[PDB]
Amino acid sequence: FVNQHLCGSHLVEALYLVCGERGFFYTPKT
Amino acid sequence: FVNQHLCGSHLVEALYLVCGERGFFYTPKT
Amino acid sequence: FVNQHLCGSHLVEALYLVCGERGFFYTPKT
Amino acid sequence: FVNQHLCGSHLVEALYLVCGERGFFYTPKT
Amino acid sequence: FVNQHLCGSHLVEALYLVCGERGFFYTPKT
Amino acid sequence: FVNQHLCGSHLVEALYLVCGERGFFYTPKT
Amino acid sequence: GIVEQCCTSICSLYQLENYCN
Amino acid sequence: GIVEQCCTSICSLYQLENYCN
Amino acid sequence: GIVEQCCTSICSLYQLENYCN
Amino acid sequence: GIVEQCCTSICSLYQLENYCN
Amino acid sequence: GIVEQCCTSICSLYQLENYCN
Amino acid sequence: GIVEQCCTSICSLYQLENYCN
Ligand SMILES: [Cl-]
Ligand SMILES: [Cl-]
Ligand code: NA
Ligand SMILES: [Zn+2]
Ligand SMILES: [Zn+2]
């Protein structure tokens, strides 16, 4: 697979695609 | 603000907008 | 709720989410 | 250009692309 | 990675994420 | 119609809208 | 209107242009 | 849960806020 | 306007409500 | 093909990779 | 190419039609 | 974190898997 910059909502749409059923967390504060 | 019909990626995009840099969990059933 | 930068199509998707049934106008010329 | 099936946010994203910085109104029924 | 239900623009967005700067073809039937 | 900058996934969503049934290719390497 | 026609039926980009400012 | 309620039914932005960190 | 307010600078969802019909 | 399989059925990201250049 | 044309510079929807099959 | 890793710098889909539940 390939890399690149994912920012704002593009990052959570990528998480959605990757994780889907499993769910994910999005924590920009960490 | 109005009521929403939100499926798939659109739900996560809405969470991103509502929660922002506070972050969020996405936890579907199964 | 939280703030941040919304540009291009992200701004009108945010308007859609916020306004929904009511509709909105998007006028970058003002 | 081809015919489109456009629901929800996708309709507003298409308006954004078609109208651009001329801007647009989004006026659903009810 | 999980299985996906991907329609419309969402299929092309997933191709973009999976293929990246390698690029891709989008070839629907008819 | 109008112009403007289309980058990342926004470019392939624009291709999808424009081309639809016909399909398209996205080749950033050219 | 257009919102319903695009979603329930189909519409063209040329039709969408009518909602430009 | 929310994922199902927003999609199968409807939900408010105020409901979505409950999933903020 | 909305671009200058929500894009170049930041804006709240409540300000975006200013642009609802 | 893939466009139909992803939408009517389901598909994997590994399947989508086959349409990469 | 398309990136240099529609992203780094701007492009019209008619130019994007150049990349339809 | 994820922002610093996948946004400011670049990241792979495998790294994004780190943030699945
Ligand atoms: Cl962007
Ligand atoms: Cl959809
Ligand atoms: Na999108
Ligand atoms: Zn974007
Ligand atoms: Zn959608």
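Numbers restart at 1 for each chain; the letters A, B, ... are given by sequence-line order, proteins then strands. No hydrogens, no waters, no symmetry mates; every other heavy atom, side chains included, goes into these values. One-based numbering, in listed order, for ligands and for the atoms of each.
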(request) Spell out the protein N/O/S atoms under 2.8 Å from the Zn ion (ligand 4) as residue plus atom name. (result) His10(A) NE2, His10(C) NE2, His10(F) NE2
Side-chain polar contacts of residues 8-16 of chain D - donor-acceptor pairs under 3.5 angstrom, sequence neighbours left out - could you list them?
| from | atom 1 | to | atom 2 | distance (Å) |
| --- | --- | --- | --- | --- |
| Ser9(D) | OG | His10(B) | ND1 | 3.4 |
| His10(D) | ND1 | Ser9(E) | OG | 3.4 |
| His10(D) | NE2 | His10(B) | NE2 | 3.2 |
| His10(D) | NE2 | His10(E) | NE2 | 3.2 |
| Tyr16(D) | OH | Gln4(F) | NE2 | 2.3 |

(request) Without swapping roles, check the side chain of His5(C) against the backbone of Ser9(I) for a donor-acceptor pair under 3.5 Å. (result) yes
Throw together a table of side-chain donor-acceptor distances under 3.5 angstrom for residues 23-30 of chain E, partners on residues two or more places apart or in other chains.
none

(request) Calculate, to the nearest 0.5 Å, the distance between atoms CG and SG belonging to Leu16(G) and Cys11(G) respectively. (result) 4.5 Å
(request) Any chance you could measure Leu6(D), atom CG, to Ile10(G), atom CD1, to the nearest 0.5 Å? (result) 10.0 Å
(request) List in chain and number order the residues that pass side-chain contact (heavy atoms from CB on, under 4.5 Å) with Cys7(L), two or more places apart in sequence or in another chain; answer none if no residue qualifies. (result) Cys7(A), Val3(L)
